[PDB]
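Have a look at the structure below, then the notes.
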Amino acid sequence: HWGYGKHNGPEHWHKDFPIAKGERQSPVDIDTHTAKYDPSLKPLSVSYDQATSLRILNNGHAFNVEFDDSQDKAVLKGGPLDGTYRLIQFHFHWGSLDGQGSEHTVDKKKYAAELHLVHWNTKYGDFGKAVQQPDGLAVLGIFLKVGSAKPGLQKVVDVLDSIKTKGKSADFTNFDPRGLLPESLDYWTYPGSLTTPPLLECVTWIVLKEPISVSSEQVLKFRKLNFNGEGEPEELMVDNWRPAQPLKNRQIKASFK
Ligand SMILES: O=C(O)Cc1cccc([N+](=O)[O-])c1
Ligand code: NI
Ligand code: NI
């Protein structure tokens, strides 16, 4: 019964999941000066026109916006990827304060939040099988800074009062995740892991260089969510980020000079 506290947070997870101390754990600090520009990288293709959002769920650690992943409706290809990766969900990690919240850091800078668009490799047939493979997932990561509002985020923010507590869900159809992307698709990439238990080393990370801007008011609404279930003491869902882990024997590659 893991979480983000003193007693059950990141620094404890290794007792249940020894892979927490593995060779390709995420997130990491992105040292921009040492990431190498890679010309082998094929261009990134985000094809979200046919996306079908279905539901938003408070899973006790975050909220997930879930998609129909039963066809190639919203897919990621190119970049560092071989093959086609299907969108299953997106989520965020965020802080108690604007000065922290992201999982990846950029030259040690922490952003207020980080958006993760999670995709699985269609060669493995479903998500559950894909997470068992070293190239099973592709996560597109987007930093959030506090400034102007992000108009395409407001639909997500407004429904959060309906899923305040763990295990609550609500219908969430017709949401277009294209409205959460920055202008540029320049990126860094490296091999890593999921960042909660079970910490599986199945992710090709693709972290965009350009953050999106969200308003103070939008991020404040994330911080009104609860880790707890209804009828349990209130514990605000904040600081649901794992800190940076050792890079070990990995290289971060840049798609841009
Ligand atoms: O890496 C995370 O944010 C934790 C996590 C946990 C379980 C599933 C996830 N997913 O990518 O579907 C992500
Ligand atoms: Ni547990
Ligand atoms: Ni994540």
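Residue numbers start at 1 in each chain; chains themselves are named A, B, ... in the order of the structure tokens; ligands are numbered from 1 in the order shown.
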**OP:** Using only C-alpha atoms, determine which residues lie at most 9 Å from residue A:81, disregarding the query and same-chain residues fewer than 4 positions distant; provide the list as JSON, numbers by chain.
**Re:** {"A": [41, 42, 44, 76, 77, 85, 135, 138, 204]}
Suppose we keep C-alpha atoms; can you now write the selection as a compact mmCIF listing (two decimals), in the first residue's frame?
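And here's result-v8.txt as it stands now:
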```txt
# COMPACT_ATOMS: atom_id res chain seq x y z
CA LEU A 41 16.03 9.60 -35.67
CA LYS A 42 13.05 9.17 -38.24
CA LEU A 44 7.69 11.81 -35.01
CA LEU A 76 2.26 7.36 -32.46
CA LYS A 77 4.92 6.33 -34.90
CA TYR A 85 1.94 2.51 -30.93
CA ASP A 135 9.80 -1.95 -26.31
CA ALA A 138 5.94 4.73 -25.86
CA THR A 204 10.56 4.29 -24.81
```
Against ligand 2, which residues of chain A fall within 10 Å? For each one I want the closest pair of atoms and the distance in Å (one decimal), counting only C-alpha atoms and all ligand atoms, rows by chain and increasing residue number, as a Markdown table.
```
| residue | atom | partner | partner_atom_place_in_ligand_line | distance |
| --- | --- | --- | --- | --- |
| A:1 | CA | ligand 2 | 1 (Ni) | 2.4 |
| A:2 | CA | ligand 2 | 1 (Ni) | 4.8 |
| A:3 | CA | ligand 2 | 1 (Ni) | 8.0 |
| A:8 | CA | ligand 2 | 1 (Ni) | 9.0 |
| A:13 | CA | ligand 2 | 1 (Ni) | 9.9 |
| A:16 | CA | ligand 2 | 1 (Ni) | 9.0 |
| A:197 | CA | ligand 2 | 1 (Ni) | 9.1 |
```
**OP:** Would you please give, as a ChimeraX atom specification, all residues of stretch 76-236 of chain A that DSSP assigns to strand (DSSP E or B) based on the backbone?
**Re:** /A:76-78,85-94,105-106,109,113-121,137-146,169-171,187-192,203-208,212-214,226,236
Could you give me, as a Markdown table, every chain A residue with an atom at most 6 Å from ligand 1, plus its closest atom pair and distance in Å to one decimal, counting only C-alpha atoms and all ligand atoms, rows ordered by chain then number?
```
| residue | atom | partner | partner_atom_place_in_ligand_line | distance |
| --- | --- | --- | --- | --- |
| A:118 | CA | ligand 1 | 11 (O) | 5.2 |
| A:194 | CA | ligand 1 | 1 (O) | 3.6 |
| A:195 | CA | ligand 1 | 1 (O) | 3.9 |
| A:196 | CA | ligand 1 | 4 (C) | 4.4 |
```
Would you mind exporting the chosen residues as an mmCIF file, in the first residue's frame, restricted to N, CA, C and O atoms?
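Just written: out02.cif:
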```cif
data_model
loop_
_atom_site.group_PDB
_atom_site.id
_atom_site.type_symbol
_atom_site.label_atom_id
_atom_site.label_comp_id
_atom_site.auth_asym_id
_atom_site.auth_seq_id
_atom_site.Cartn_x
_atom_site.Cartn_y
_atom_site.Cartn_z
ATOM 1 N N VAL A 118 0.218 7.803 -23.091
ATOM 2 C CA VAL A 118 0.719 6.440 -22.996
ATOM 3 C C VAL A 118 0.232 5.640 -24.198
ATOM 4 O O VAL A 118 -0.988 5.575 -24.431
ATOM 5 N N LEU A 194 8.011 2.575 -16.364
ATOM 6 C CA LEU A 194 6.913 3.191 -15.621
ATOM 7 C C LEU A 194 7.439 3.786 -14.342
ATOM 8 O O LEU A 194 8.455 3.336 -13.791
ATOM 9 N N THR A 195 6.736 4.803 -13.798
ATOM 10 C CA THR A 195 7.240 5.528 -12.665
ATOM 11 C C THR A 195 6.433 5.338 -11.413
ATOM 12 O O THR A 195 6.656 6.011 -10.412
ATOM 13 N N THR A 196 5.529 4.353 -11.414
ATOM 14 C CA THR A 196 4.904 3.830 -10.197
ATOM 15 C C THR A 196 5.123 2.340 -10.231
ATOM 16 O O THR A 196 5.312 1.750 -11.296
#
```
**OP:** List all protein, DNA and RNA residues that have an atom no more than 10 Å from any atom of ligand 3, counting only C-alpha atoms and all ligand atoms, and report them as number ranges by chain.
**Re:** A: 26-27, 62, 64, 90-93, 102-104, 114-118, 139-141, 193-196, 240-242
Next, dump the selected residues to file, keeping only N, CA and C atoms, as a tab-separated table (two decimals), in the first residue's frame.
```tsv
chain	number	residue	atom	x	y	z
A	26	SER	N	12.92	5.28	-14.61
A	26	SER	CA	12.49	6.63	-14.94
A	26	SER	C	11.85	7.26	-13.71
A	27	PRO	N	11.72	8.60	-13.73
A	27	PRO	CA	12.25	9.55	-14.69
A	27	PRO	C	13.73	9.74	-14.47
A	62	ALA	N	-3.55	9.36	-9.61
A	62	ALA	CA	-3.63	10.33	-10.67
A	62	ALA	C	-5.04	10.24	-11.21
A	64	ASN	N	-6.75	9.35	-15.03
A	64	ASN	CA	-6.47	8.87	-16.36
A	64	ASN	C	-7.64	9.23	-17.28
A	90	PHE	N	-4.06	9.14	-21.21
A	90	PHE	CA	-3.10	10.11	-20.71
A	90	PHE	C	-3.40	10.42	-19.26
A	91	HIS	N	-2.36	10.94	-18.59
A	91	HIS	CA	-2.42	11.34	-17.21
A	91	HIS	C	-1.41	12.46	-16.99
A	92	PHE	N	-1.43	13.01	-15.78
A	92	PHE	CA	-0.47	14.02	-15.38
A	92	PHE	C	0.18	13.64	-14.07
A	93	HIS	N	1.34	14.22	-13.83
A	93	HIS	CA	1.97	14.27	-12.52
A	93	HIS	C	2.13	15.73	-12.18
A	102	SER	N	6.93	18.09	-12.05
A	102	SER	CA	7.34	17.22	-13.11
A	102	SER	C	8.19	16.07	-12.58
A	103	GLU	N	8.19	14.99	-13.40
A	103	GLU	CA	9.03	13.82	-13.13
A	103	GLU	C	10.38	13.99	-13.82
A	104	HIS	N	10.39	14.12	-15.15
A	104	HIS	CA	11.62	14.54	-15.77
A	104	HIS	C	11.96	15.95	-15.33
A	114	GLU	N	3.57	17.48	-15.54
A	114	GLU	CA	4.05	16.77	-16.73
A	114	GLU	C	2.88	15.87	-17.17
A	115	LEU	N	2.57	15.98	-18.45
A	115	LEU	CA	1.56	15.20	-19.16
A	115	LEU	C	2.22	14.01	-19.85
A	116	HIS	N	1.63	12.84	-19.62
A	116	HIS	CA	2.07	11.59	-20.19
A	116	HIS	C	0.98	10.98	-21.06
A	117	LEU	N	1.22	10.89	-22.38
A	117	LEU	CA	0.34	10.23	-23.31
A	117	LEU	C	0.92	8.83	-23.52
A	118	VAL	N	0.22	7.80	-23.09
A	118	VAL	CA	0.72	6.44	-23.00
A	118	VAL	C	0.23	5.64	-24.20
A	139	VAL	N	5.85	6.52	-24.28
A	139	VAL	CA	5.18	7.60	-23.53
A	139	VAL	C	5.70	8.92	-24.07
A	140	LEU	N	4.77	9.75	-24.57
A	140	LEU	CA	5.05	11.11	-24.97
A	140	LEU	C	4.85	12.00	-23.73
A	141	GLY	N	5.92	12.63	-23.30
A	141	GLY	CA	5.92	13.48	-22.13
A	141	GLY	C	6.00	14.94	-22.52
A	193	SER	N	11.25	3.38	-17.89
A	193	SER	CA	10.30	2.55	-17.11
A	193	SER	C	8.99	3.32	-16.80
A	194	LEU	N	8.01	2.57	-16.36
A	194	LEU	CA	6.91	3.19	-15.62
A	194	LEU	C	7.44	3.79	-14.34
A	195	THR	N	6.74	4.80	-13.80
A	195	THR	CA	7.24	5.53	-12.66
A	195	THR	C	6.43	5.34	-11.41
A	196	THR	N	5.53	4.35	-11.41
A	196	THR	CA	4.90	3.83	-10.20
A	196	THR	C	5.12	2.34	-10.23
A	240	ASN	N	2.54	13.77	-6.84
A	240	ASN	CA	2.47	12.38	-7.35
A	240	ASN	C	3.48	12.13	-8.44
A	241	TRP	N	4.70	12.65	-8.23
A	241	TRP	CA	5.85	12.50	-9.12
A	241	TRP	C	6.92	11.70	-8.44
A	242	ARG	N	7.49	10.76	-9.18
A	242	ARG	CA	8.72	10.10	-8.72
A	242	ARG	C	9.88	11.00	-9.04
```
Subject >> Straight-line distance linking atom CA of residue A:205 with atom CA of residue A:129, stated in Å to one decimal >> reply: 18.3 Å
Original post:
Can you list every residue in stretch 5-220 of chain A that DSSP puts in helix (DSSP H, G or I), as a ChimeraX atom specification?
Top reply: /A:10-15,18-21,122-124,127-130,151-163,177-180,216-220
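The space between atom CA of residue A:52 and atom CA of residue A:75 spans 11.5 Å.
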**OP:** Write out as a ChimeraX atom specification which residues come within 9 Å of residue A:218 when counting only C-alpha atoms, dropping same-chain ones fewer than 3 positions away.
**Re:** /A:146,149-150,153-154,157-158,214-215,221-222
Writer output for current selection, N, CA and C atoms, as a PDB file, in the first residue's frame:
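Once written, again.pdb looks like this:
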```pdb
ATOM      1  N   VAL A 146       3.350  27.188 -15.530  1.00  0.00           N
ATOM      2  CA  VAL A 146       2.252  28.065 -15.172  1.00  0.00           C
ATOM      3  C   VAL A 146       2.394  29.424 -15.867  1.00  0.00           C
ATOM      4  N   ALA A 149      -3.509  30.320 -19.699  1.00  0.00           N
ATOM      5  CA  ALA A 149      -4.335  29.137 -19.691  1.00  0.00           C
ATOM      6  C   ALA A 149      -4.134  28.330 -20.978  1.00  0.00           C
ATOM      7  N   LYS A 150      -4.295  27.027 -20.889  1.00  0.00           N
ATOM      8  CA  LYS A 150      -4.331  26.147 -22.019  1.00  0.00           C
ATOM      9  C   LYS A 150      -5.790  25.884 -22.376  1.00  0.00           C
ATOM     10  N   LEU A 153      -7.159  22.268 -22.289  1.00  0.00           N
ATOM     11  CA  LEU A 153      -7.166  21.572 -21.017  1.00  0.00           C
ATOM     12  C   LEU A 153      -8.403  21.797 -20.227  1.00  0.00           C
ATOM     13  N   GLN A 154      -9.175  22.863 -20.531  1.00  0.00           N
ATOM     14  CA  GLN A 154     -10.246  23.258 -19.615  1.00  0.00           C
ATOM     15  C   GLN A 154     -11.278  22.195 -19.503  1.00  0.00           C
ATOM     16  N   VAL A 157     -10.095  19.953 -16.716  1.00  0.00           N
ATOM     17  CA  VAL A 157     -10.159  20.589 -15.425  1.00  0.00           C
ATOM     18  C   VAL A 157     -11.562  20.667 -14.893  1.00  0.00           C
ATOM     19  N   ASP A 158     -12.541  20.944 -15.726  1.00  0.00           N
ATOM     20  CA  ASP A 158     -13.886  21.190 -15.231  1.00  0.00           C
ATOM     21  C   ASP A 158     -14.543  19.931 -14.704  1.00  0.00           C
ATOM     22  N   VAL A 214      -0.130  26.422 -18.799  1.00  0.00           N
ATOM     23  CA  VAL A 214      -1.449  26.289 -18.229  1.00  0.00           C
ATOM     24  C   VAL A 214      -1.604  27.398 -17.203  1.00  0.00           C
ATOM     25  N   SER A 215      -2.826  27.739 -16.827  1.00  0.00           N
ATOM     26  CA  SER A 215      -2.952  28.811 -15.821  1.00  0.00           C
ATOM     27  C   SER A 215      -2.781  28.290 -14.447  1.00  0.00           C
ATOM     28  N   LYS A 221      -6.798  23.290  -9.780  1.00  0.00           N
ATOM     29  CA  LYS A 221      -7.831  22.303  -9.789  1.00  0.00           C
ATOM     30  C   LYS A 221      -7.347  20.892  -9.731  1.00  0.00           C
ATOM     31  N   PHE A 222      -6.162  20.616 -10.310  1.00  0.00           N
ATOM     32  CA  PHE A 222      -5.559  19.300 -10.125  1.00  0.00           C
ATOM     33  C   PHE A 222      -5.345  19.048  -8.639  1.00  0.00           C
TER      34      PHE A 222
END
```
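Interatomic distance, atom CA of residue A:40 to atom CA of residue A:207: 17.3 Å.
The smallest atom-to-atom distance between residue A:28 and any of A:145, A:108, A:168, A:178, using only C-alpha atoms, is found for A:108.
When only C-alpha atoms are used to measure the gap to residue A:171, the shortest distance among A:224, A:24, A:55, A:209 belongs to A:55.
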Subject >> residue A:124 surroundings by only C-alpha atoms, 12 Å radius, close-in-sequence under 5 positions cut, as a PyMOL selection string >> reply: chain A and resi 83-86+119+129-137
